[PDB]
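Read through the structure below, which is laid out as structure tokens, and then see the notes.
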Amino acid sequence: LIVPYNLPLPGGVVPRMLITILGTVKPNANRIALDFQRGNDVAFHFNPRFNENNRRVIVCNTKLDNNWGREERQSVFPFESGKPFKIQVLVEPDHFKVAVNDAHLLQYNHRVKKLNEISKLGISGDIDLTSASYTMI
Ligand SMILES: CC(=O)N[C@@H]1[C@@H](O)[C@H](O[C@@H]2O[C@H](CO)[C@H](O)[C@H](O)[C@H]2O)[C@@H](CO)O[C@H]1O
């Protein structure tokens, strides 16, 4: 799949919806980004950064009307340059739950409440995208 890749989510997101992304981090990778979009707004921005002040950190945020909000940062960094990964985003009623390589990583409380209007997922960054899909559990 060509990155940046756009995965349309017909009818928006809904609890019990599971998105699975498989890929390989490029060697010398700098960043990865998943953008759950509601029109121009970004409902949930998941952004692993490989070198932020020589620190590997995951930044999560929401962008409303061209403005980024309060960042939520995670130190647990499970991605590795040059290695295959699997990211699963499970949509729950109150949060997006993220697990990487089968290990729960983080939860992101819904700032954008109209879930049915979050109808696109943008995937970009320094990765080789192998697969991107969704299902209902
Ligand atoms: C430490 C700190 O506050 N750093 C922020 C940067 O993280 C921020 O970068 C933007 O962050 C958003 C997510 O919040 C998104 O990843 C953008 O791509 C990225 O540019 C920057 C701009 O808001 O400000 C710094 O101070």
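All positions are counted from 1 along the displayed chain.
Method on record in the header is X-ray crystallography, 2.1 Å.
From the backbone N, Cα and C atoms, a Cβ is placed for every residue, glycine too.
According to Swiss-Prot, the feature domain 'Galectin' maps to 5-135, an assignment based on sequence analysis.
Residues or ranges marked as beta-D-galactoside binding site in Swiss-Prot (evidence: similarity to another entry): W68, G69, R70, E71, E72, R73, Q74. The Cβ of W68 (beta-D-galactoside binding site) lies under 8 Å from the Cβ of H45, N61, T62, each on the same chain and at least six residues away in sequence.
Per Swiss-Prot, phosphoserine is recorded for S75, and the stated evidence type is a large-scale study or a structure entry. The Cβ of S75 (phosphoserine) lies under 8 Å from the Cβ of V57, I58, each of these being in the same chain and 6 or more residues away along the sequence.
As annotated by Swiss-Prot, motif 'Nuclear export signal' applies to 113-128, with the evidence given as similarity to another entry. Outside the motif 'Nuclear export signal' (113-128), and at least 6 residues removed from its termini, the chain residues within Cβ reach (under 8 Å) are 1, 3-15, 19, 21, 23-26, 28-39, 43-44, 48, 50, 91.
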Count of other CB atoms lying within 10 Å of the CB belonging to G69 (beta-D-galactoside binding site): 12
Neighbour tally for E72 (beta-D-galactoside binding site), based on other Cβ positions within 10 Å of its Cβ: 15
Cβ neighbours of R70 (beta-D-galactoside binding site) where a neighbour is any other Cβ within 10 Å: 8
Cβ packing number for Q74 (beta-D-galactoside binding site), 10 Å threshold: 16
Filtered recorded positions, from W68, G69, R70, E72, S75, whose Cβ is under 6 Å from an atom of ligand 1: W68
